[PDB]
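**Student:** Sharing a structure with you now.
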Amino acid sequence: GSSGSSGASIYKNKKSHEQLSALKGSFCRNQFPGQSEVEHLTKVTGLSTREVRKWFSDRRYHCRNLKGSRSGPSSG
């Protein structure tokens with residue numbers, strides 16, 4: 001029972017906001033998807049389960065160590 005396939009290489013392709021927006025609506029609320037979220041998106045976008053989950057990775061990457069304007073809200 002293996003899930004994490006072998007060969008995780010960031011890709012690049014043209015997408016239609018129409019679908020993009022949907023995906024986001026899931027992230028903004030929940031950091032990372034689980035089982036239900038995906039099942040839904042996969043239908044809201046049609047993209048393969050792998051494609052749907054993959055995206056999430058992108059958004060995160062794009063927004064990494066992007067601090068400066070704020071002071072730094074620690075976890076406490």
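Chain identifiers are assigned as A, B, and so on, following the order in which chains appear in the structure tokens; residues are numbered from 1 within each chain, and ligands are numbered from 1 in order of appearance.
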Using only C-alpha atoms, what table do you get, as CSV, when you list each residue of stretch 36-69 of chain A with an atom no more than 12 Å from stretch 17-20 of chain A, its nearest pair of atoms, and their distance in Å rounded to one decimal, rows by chain then rising number?
**Tutor:**
residue,atom,partner,partner_atom,distance
A:41,CA,A:19,CA,9.1
A:42,CA,A:19,CA,10.5
A:43,CA,A:19,CA,10.4
A:44,CA,A:19,CA,7.3
A:45,CA,A:19,CA,5.6
A:46,CA,A:19,CA,9.1
A:47,CA,A:19,CA,9.6
A:52,CA,A:20,CA,10.1
A:55,CA,A:20,CA,9.2
A:56,CA,A:20,CA,10.5
A:58,CA,A:20,CA,11.8
A:59,CA,A:20,CA,10.6
**Student:** Those same residues, written as a PDB file, in the first residue's frame with N, CA and C atoms?
**Tutor:**
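What follows is the written file out30.pdb:
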ATOM      1  N   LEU A  41     -12.690  18.140  -4.967  1.00  0.00           N
ATOM      2  CA  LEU A  41     -11.919  18.876  -5.964  1.00  0.00           C
ATOM      3  C   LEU A  41     -11.788  18.071  -7.252  1.00  0.00           C
ATOM      4  N   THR A  42     -11.349  16.824  -7.123  1.00  0.00           N
ATOM      5  CA  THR A  42     -11.180  15.948  -8.276  1.00  0.00           C
ATOM      6  C   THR A  42     -12.376  16.042  -9.216  1.00  0.00           C
ATOM      7  N   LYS A  43     -13.543  16.338  -8.654  1.00  0.00           N
ATOM      8  CA  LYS A  43     -14.763  16.458  -9.442  1.00  0.00           C
ATOM      9  C   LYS A  43     -15.016  17.911  -9.834  1.00  0.00           C
ATOM     10  N   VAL A  44     -14.666  18.830  -8.941  1.00  0.00           N
ATOM     11  CA  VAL A  44     -14.853  20.255  -9.193  1.00  0.00           C
ATOM     12  C   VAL A  44     -13.884  20.754 -10.260  1.00  0.00           C
ATOM     13  N   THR A  45     -12.796  20.017 -10.457  1.00  0.00           N
ATOM     14  CA  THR A  45     -11.791  20.385 -11.445  1.00  0.00           C
ATOM     15  C   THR A  45     -11.629  19.293 -12.498  1.00  0.00           C
ATOM     16  N   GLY A  46     -11.896  18.051 -12.103  1.00  0.00           N
ATOM     17  CA  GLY A  46     -11.775  16.938 -13.025  1.00  0.00           C
ATOM     18  C   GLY A  46     -10.379  16.349 -13.044  1.00  0.00           C
ATOM     19  N   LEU A  47      -9.382  17.183 -12.765  1.00  0.00           N
ATOM     20  CA  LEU A  47      -7.993  16.738 -12.753  1.00  0.00           C
ATOM     21  C   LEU A  47      -7.835  15.469 -11.921  1.00  0.00           C
ATOM     22  N   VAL A  52      -4.632  17.128  -8.676  1.00  0.00           N
ATOM     23  CA  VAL A  52      -5.268  17.987  -7.684  1.00  0.00           C
ATOM     24  C   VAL A  52      -4.345  18.224  -6.493  1.00  0.00           C
ATOM     25  N   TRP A  55      -1.056  20.397  -7.221  1.00  0.00           N
ATOM     26  CA  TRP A  55      -1.268  21.839  -7.175  1.00  0.00           C
ATOM     27  C   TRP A  55      -0.939  22.395  -5.794  1.00  0.00           C
ATOM     28  N   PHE A  56      -1.646  21.906  -4.781  1.00  0.00           N
ATOM     29  CA  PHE A  56      -1.428  22.355  -3.410  1.00  0.00           C
ATOM     30  C   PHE A  56       0.052  22.612  -3.151  1.00  0.00           C
ATOM     31  N   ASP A  58       2.390  23.429  -5.238  1.00  0.00           N
ATOM     32  CA  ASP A  58       2.801  24.645  -5.929  1.00  0.00           C
ATOM     33  C   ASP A  58       2.548  25.875  -5.061  1.00  0.00           C
ATOM     34  N   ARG A  59       1.276  26.184  -4.841  1.00  0.00           N
ATOM     35  CA  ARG A  59       0.898  27.335  -4.030  1.00  0.00           C
ATOM     36  C   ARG A  59       1.856  27.510  -2.854  1.00  0.00           C
TER      37      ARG A  59
END
**Student:** Could you check the closest approach to residue A:5 for each of A:27, A:50, A:21, A:35 and tell me which residue wins, using only C-alpha atoms?
**Tutor:**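 So, comparing all the options, the nearest one is A:50.
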**Student:** From the options A:39, A:32, A:15, A:10, which residue's atoms come nearest to residue A:62, counting only C-alpha atoms?
**Tutor:**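 Comparing A:39, A:32, A:15, A:10 against residue A:62, the winner is A:10.
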**Student:** Smallest atom-to-atom distance to residue A:8: which of A:36, A:57, A:48, A:30, using only C-alpha atoms?
**Tutor:**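 Residue with the minimum atom-to-atom distance to residue A:8: A:57.
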**Student:** For the structure I just gave you, how does DSSP split chain A - specifically, which residues are helix (DSSP H, G or I)? Reply as JSON, numbers by chain.
**Tutor:** {"A": [17, 18, 19, 20, 21, 22, 23, 24, 25, 26, 27, 28, 29, 36, 37, 38, 39, 40, 41, 42, 43, 44, 45, 49, 50, 51, 52, 53, 54, 55, 56, 57, 58, 59, 60, 61, 62]}
**Student:** For the residues selected in the previous step, produce a file with C-alpha atoms as a PDB file, in the first residue's frame.
**Tutor:**
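selection17.pdb, freshly written:
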ATOM      1  CA  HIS A  17      -8.890  30.524 -13.055  1.00  0.00           C
ATOM      2  CA  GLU A  18     -12.401  29.060 -13.081  1.00  0.00           C
ATOM      3  CA  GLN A  19     -10.872  25.873 -11.675  1.00  0.00           C
ATOM      4  CA  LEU A  20      -7.965  27.486  -9.829  1.00  0.00           C
ATOM      5  CA  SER A  21     -10.306  29.508  -7.615  1.00  0.00           C
ATOM      6  CA  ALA A  22     -12.032  26.310  -6.495  1.00  0.00           C
ATOM      7  CA  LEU A  23      -8.767  24.671  -5.431  1.00  0.00           C
ATOM      8  CA  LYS A  24      -7.815  27.737  -3.391  1.00  0.00           C
ATOM      9  CA  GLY A  25     -11.136  27.813  -1.562  1.00  0.00           C
ATOM     10  CA  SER A  26      -9.951  24.497  -0.142  1.00  0.00           C
ATOM     11  CA  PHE A  27      -6.460  25.648   0.839  1.00  0.00           C
ATOM     12  CA  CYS A  28      -7.363  28.985   2.426  1.00  0.00           C
ATOM     13  CA  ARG A  29      -9.665  27.046   4.753  1.00  0.00           C
ATOM     14  CA  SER A  36     -13.000  14.183   1.392  1.00  0.00           C
ATOM     15  CA  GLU A  37     -11.496  17.444   0.135  1.00  0.00           C
ATOM     16  CA  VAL A  38      -9.687  15.692  -2.716  1.00  0.00           C
ATOM     17  CA  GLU A  39     -12.645  13.520  -3.709  1.00  0.00           C
ATOM     18  CA  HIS A  40     -14.532  16.796  -4.139  1.00  0.00           C
ATOM     19  CA  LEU A  41     -11.919  18.876  -5.964  1.00  0.00           C
ATOM     20  CA  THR A  42     -11.180  15.948  -8.276  1.00  0.00           C
ATOM     21  CA  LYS A  43     -14.763  16.458  -9.442  1.00  0.00           C
ATOM     22  CA  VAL A  44     -14.853  20.255  -9.193  1.00  0.00           C
ATOM     23  CA  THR A  45     -11.791  20.385 -11.445  1.00  0.00           C
ATOM     24  CA  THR A  49      -6.304  12.880  -7.824  1.00  0.00           C
ATOM     25  CA  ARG A  50      -2.548  13.259  -8.290  1.00  0.00           C
ATOM     26  CA  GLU A  51      -2.935  16.476 -10.281  1.00  0.00           C
ATOM     27  CA  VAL A  52      -5.268  17.987  -7.684  1.00  0.00           C
ATOM     28  CA  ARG A  53      -2.974  17.228  -4.747  1.00  0.00           C
ATOM     29  CA  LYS A  54       0.079  18.309  -6.741  1.00  0.00           C
ATOM     30  CA  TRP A  55      -1.268  21.839  -7.175  1.00  0.00           C
ATOM     31  CA  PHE A  56      -1.428  22.355  -3.410  1.00  0.00           C
ATOM     32  CA  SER A  57       2.337  21.819  -3.426  1.00  0.00           C
ATOM     33  CA  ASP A  58       2.801  24.645  -5.929  1.00  0.00           C
ATOM     34  CA  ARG A  59       0.898  27.335  -4.030  1.00  0.00           C
ATOM     35  CA  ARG A  60       2.933  26.475  -0.933  1.00  0.00           C
ATOM     36  CA  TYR A  61       6.266  26.620  -2.761  1.00  0.00           C
ATOM     37  CA  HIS A  62       5.435  29.988  -4.324  1.00  0.00           C
TER      38      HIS A  62
END
